[PDB]
Amino acid sequence: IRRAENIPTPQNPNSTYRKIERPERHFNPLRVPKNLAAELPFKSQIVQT
Amino acid sequence: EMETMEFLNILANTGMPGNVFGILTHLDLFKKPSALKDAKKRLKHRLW
Amino acid sequence: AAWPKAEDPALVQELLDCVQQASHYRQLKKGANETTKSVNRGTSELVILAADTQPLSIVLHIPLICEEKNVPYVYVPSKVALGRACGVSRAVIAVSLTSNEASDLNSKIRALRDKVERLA
Amino acid sequence: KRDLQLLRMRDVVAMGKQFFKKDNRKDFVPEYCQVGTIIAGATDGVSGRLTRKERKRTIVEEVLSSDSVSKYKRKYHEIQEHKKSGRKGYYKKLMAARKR
Amino acid sequence: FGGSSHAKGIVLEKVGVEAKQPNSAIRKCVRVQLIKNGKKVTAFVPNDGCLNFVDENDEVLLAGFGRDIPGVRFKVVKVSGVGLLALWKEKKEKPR
Amino acid sequence: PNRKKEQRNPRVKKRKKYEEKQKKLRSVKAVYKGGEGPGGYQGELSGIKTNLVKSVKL
Amino acid sequence: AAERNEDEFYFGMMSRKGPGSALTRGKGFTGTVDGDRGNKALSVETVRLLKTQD
Amino acid sequence: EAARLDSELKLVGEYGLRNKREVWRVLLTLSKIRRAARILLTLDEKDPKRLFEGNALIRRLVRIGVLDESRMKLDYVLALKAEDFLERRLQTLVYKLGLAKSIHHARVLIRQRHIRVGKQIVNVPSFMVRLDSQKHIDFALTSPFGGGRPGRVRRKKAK
RNA sequence: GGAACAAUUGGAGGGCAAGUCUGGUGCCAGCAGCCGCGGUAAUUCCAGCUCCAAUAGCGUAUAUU
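The rules we used
Residues numbered from 1 in each chain as written, not as in the entry; some residues may be left out. Chains lettered and ligands numbered in written order. Part of a larger assembly, values for the part shown. Heavy atoms only, no water. Residues with missing side-chain atoms left out of burial classes, pairs and counts. Contact = heavy atoms within 4.5 Å. 1 Å grid on protein atoms, 1.4 Å probe; cavity = no way out; pocket = protein on both sides within 12 Å on 5 of 7 lines; lining within 4 Å. Points joined across faces, edges and corners; volume = space filled by probe spheres on them. Helix = DSSP H or I, 4+ residues; strand = E, 2+ residues; numbered from the N terminus. Nonpolar A, V, L, I, M, F, W, Y, C, P; charged D, E, K, R; others polar. Patch = residues over 30% accessible without salt bridge, like charges linked within 9 Å, V, L, I, M, F, W, Y side chains within 5 Å. Areas by Shrake-Rupley, 256 points an atom, 1.4 Å probe, with all protein chains shown as cover. Salt bridge = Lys/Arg side-chain N within 4 Å of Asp/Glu carboxyl O. Near = heavy atom within 4 Å. Polar contact = N/O pair within 3.5 Å; in protein donor to acceptor, adjacent residues only side chain to side chain. Pairing = 2+ DSSP bridges. Axes fitted to C-alpha atoms, helices over the stretch in contact; angles between N-to-C directions. Core = buried A, V, L, I, M, F, W, Y, C linked by side-chain atoms within 4.5 Å. Buried < 20%, exposed > 50% of the residue type's maximum accessible area, 1.4 Å probe, protein only. Right-handed = clockwise from strand over helix to strand, strands pointing away.

- By the method listed in its record, cryo-EM, this PDB entry was determined to a resolution of 4.7 Å.

If you want it as structure tokens, here you go:
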């Protein structure tokens, strides 16, 4: 029917399969608030230079 | 032939009847009897 | 000086027989320099040196490296017969047949080297 | 110390053409050593000897003067890419093309 | 069973036709009635696909089954005289 | 299911398993592989480990 | 931080530089504590010898 | 058993046979001959049956040549081995002689009819070659490496 | 010249979705899965996944020994 009535078959850019790049995720470092690094006890305070 | 196998599967599907028999014909259209008997053998195995 | 001289009784002929076998099996190096390089590379199974050679210092210097490597070396009294037993069209004074891991010539070498080991 | 670092890494020196027994302590230093040089192989003097312009003072200088420094650079920039993969410039590009 | 190595039987009902897990053995089970003794037993088919081919009241050859439901001793091997495994590899058709 | 060229011709299949069994053989033990090179002696070409002992205790 | 005893005393406290607070450090305050990078006040004679070399 | 499997795999590797079927054929024949050797040792010395059967059999075995001519004792006939038997196998003699570059190369030559023993072409690479016949192993006159026509591919690129 | 002049039979394993099903003190787990949004002249996919055995013969049932 499509070849007769000269109709292209419907084809979706959004449905045709694709080759995905997965960039290797890393995350930000741990971020800990001002008051927390204040109030915590000596043994575990953070040492920063 | 395509029609032969068509018919075969139709028979098997709507129902294998009592009896079927194969007829190899046009054997006079053969130049080498060794080729002819090899054809006989292979065809029989195909049909079995 | 050539005190490891071979004797007559078919010993010499067994040597030439295995020599021709090795020339056919291509497990044979030939002539003084190639014998020298084979025993330098230590690959030689056994080494046979002529005795009728014009002055014998060649087949006297070879047993030095034969005494180093400790390979059976043996004196044969006819270099022209070595040439014929190898199939050369030239007379050879020094021959060295090496070892491979898969042959019955190897068993022949084992017997021959045991005989020359009893000899010297 | 650089020399010893090189020697402990003599594995990666041969770019796959020769693997060594990975003799790795944590402390790559022997408490006793001496820096030496080969004298003379009188058997082989036509190629088994370094020319004057190749007689370098130091091991790392020798491996510098050999080839495949290009190949080193090549592999290093591969790993440079592979670790610049999705770390930070990537994310900044995303947030830029989101902000626009 | 009996003394034979195989048995011919009649498909009663693919009990476990209302199954949730595909490859469960109560999906793959089927009650058959072995003919000579007229006895009801149940058997396993090796695969759910072959269970789709098998229908009722077809003669079934079956045999022993030896290696979540241990105790079913038989396994169906041929139905209507055709090899289930050949159907399953799509070699032959099934005579009906 | 799909089969391969080796599983198609049984002889060449039995070729390739043997070499792969021989490459792994060197990965456990050492095989003579000919003596020193004709270029001369150039060192124990892959490492030497003084804390490595392979003597079989009787 | 919750189960923190208000009253502990190690000895780094006599020897380090504390967090303090918002008011203490003021604007460069992050409650982490400073680990000296490794420099120190060079007394004169050393600086002289160095500057001589320079 | 892993010893059996590693053993047979090693054998086919060093002599590129076709299958363990061929291997077990060689083994079953080794079993017959070593069994006959054992019953000949079950006879005692200077028993004329033992003397005649032993000399006849060792003559057969050095005549096919798998026994070394140096030793002629039933103990060594019992100490015979399948490595020597597949060394005796035809294709391995071809590879040892050097008419082919590899063992599979030589087997292909014996399949597509390039080598002859003495007079005649032999298609089977497992032919028992005797000590008297080990010499006359050469290319066919119809083989392009022997002479005659240049060959199929030579013809097709020469066309 | 392999997409062929078209090797087979068993066994074990690994990889998977805008899919399905079931269980529960949230993301976990389980079984499973040709079924997926589109699309059949479209797709070109693990591109022919891996390994063990036998190999032009082998598997399974029962009886067994």
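### Details of the arrangement of the chains
Then, in step 1: Ranking the 7 pairs of chains in contact by number of contacts places chains A and G first.
Then, in step 2: Separated in space, chain A and chain F share no contact, their closest pair of C-alpha atoms being 25 Å apart.
Then, in step 3: With respect to C-alpha atoms, chain C approaches chain G no nearer than 62 Å, and the pair has no contact.

### Re empty space enclosed by the protein
Residues and elements named next belong to chain C.
Then, in step 1: One number sums up the size of the largest cavity: a volume of about 70 Å³.
Then, in step 2: The wall of the largest cavity is formed by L15, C18, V19, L46, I48, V74, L97, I109 and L112.
Then, in step 3: Elements represented by at least two residues in the lining of the largest cavity include exactly helix 1 (11-25), strand 2 (44-50) and helix 5 (105-119).
Then, in step 4: Counting residues per element, the lining of the largest cavity draws most heavily on helix 1, which supplies 3 residues.
Then, in step 5: A breakdown of the residues in the lining of the largest cavity according to their chemical character gives 9 nonpolar, no polar and no charged.

### Some points on a nonpolar patch on the surface
Then, in step 1: Taken together, B:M5, B:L8, B:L24, B:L27, B:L29, B:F30, B:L43, B:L47 and B:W48 make up a surface patch of nonpolar side chains, about 920 Å² in accessible area.
Then, in step 2: Its place among the elements puts B:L27 in the loop between helix 1 (2-14) and helix 2 (33-47).

### Some points on the protein's contact with RNA strand I
Then, in step 1: In the vicinity of RNA strand I there are 33 residues, among which A:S15, E:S5, F:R3, H:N19 and H:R21 approach most closely.
Then, in step 2: Looking at RNA strand I alone, sugar and phosphate atoms form 62% of those within 4 Å of the protein.
Then, in step 3: In this structure, A:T9 approaches RNA strand I through a side-chain N or O atom, which is 3.1 Å from a phosphate oxygen.
Then, in step 4: Elements with a minimum of two residues in the surface near RNA strand I: strand 4 (59-64) of chain E, helix 1 (5-8) and helix 2 (10-28) of chain F together with helix 2 (20-42) of chain H.
Then, in step 5: A class-by-class count of the residues in the surface near RNA strand I yields 7 nonpolar, 13 polar and 13 charged.

### Thoughts on the sheet that holds strand 4 (residues 94-98) of chain C
Residues and elements named next belong to chain C.
Then, in step 1: Within the open sheet, the 4 strands sit side by side as 1-4-2-3. Their pairing is mixed. Each edge of the open sheet is held by one strand with a lone partner, namely strand 1 (28-30) and strand 3 (73-76). For this sheet the average axis-to-axis angle between neighbouring strands, irrespective of direction, equals 20°.
Then, in step 2: When strand 2 meets strand 4, the two strands line up antiparallel, connected through 5 bridges.

### Some words on the nonpolar core
Then, in step 1: If you look at the biggest cluster of nonpolar residues, it comprises 36 residues, and the most contacted ones within it are C:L46, C:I48, C:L49 and C:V74.
Then, in step 2: If you list the elements that add at least two residues to this core, you get helix 1, strand 2, helix 3 (58-69), strand 3, helix 4 (79-86), strand 4 and helix 5 of chain C.
Then, in step 3: Among the nonpolar cores identified, the runner-up in size contains 17 residues, and E:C50, E:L51, E:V60 and E:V76 belong to it.

### Structural notes on the pairing of strand 2 of chain C
Residue and element names in this part refer to chain C.
Then, in step 1: Pairing of strand 2 with strand 3 involves 4 bridges; the strand directions are parallel. Within strand 3, the residue paired with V47 across the bridge is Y73.
Then, in step 2: For the handedness criterion, the β-α-β arrangement of strand 2, helix 3 and strand 3 is classed as right-handed.

### Description of the sheet that holds strand 1 (residues 115-117) of chain H
Residues and elements named next belong to chain H.
Then, in step 1: Read from one edge to the other, the open sheet built from 3 strands follows the order 2-1-3, with strand pairing classed as antiparallel. Edge positions in the sheet fall to strand 2 (120-121) and strand 3 (137-139), since each has one partner strand and no second.
Then, in step 2: Two strands pair when backbone bridges link them, and strand 1 and strand 2 are joined in this way by 2 bridges, in the antiparallel orientation. Bridged to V117 within strand 2 is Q120.

### Overview of helix 6 (residues 90-97) of chain H
Residues and elements named next belong to chain H.
Then, in step 1: All buried positions along helix 6 are accounted for by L90, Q91, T92 and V94.
Then, in step 2: On the buried face of helix 6, the contacting elements are helix 5 (82-88) and helix 7 (103-111).
Then, in step 3: A positive phi of about 100° marks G98, the residue just after helix 6.

### Some points on the pairing of strand 4 of chain E
Residues and elements named next belong to chain E.
Then, in step 1: Bridging between strand 1 (residues 7-13) and strand 4 involves 4 bridges; their strand directions are antiparallel. Across the sheet, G9 pairs through a bridge with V60, a residue of strand 4.
Then, in step 2: Pairing of strand 4 with strand 5 (residues 74-79) involves 5 bridges; the strand directions are antiparallel. In the strand pairing of strand 5, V60 is matched with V79.

### Here's the deal with the interface of chain G and chain A
Then, in step 1: Contact with chain G, which involves 14 residues of that partner, is made by 14 residues of chain A.
Then, in step 2: In the side of chain G that touches chain A, the residues fall into 6 nonpolar, 4 polar and 4 charged.
Then, in step 3: The pairing of strand 1 (residues 47-48) of chain A with strand 1 (residues 33-34) of chain G spans 2 bridges and is parallel. Within the sheet, the bridge partner assigned to A:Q48 lies in strand 1 of chain G and is G:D34.

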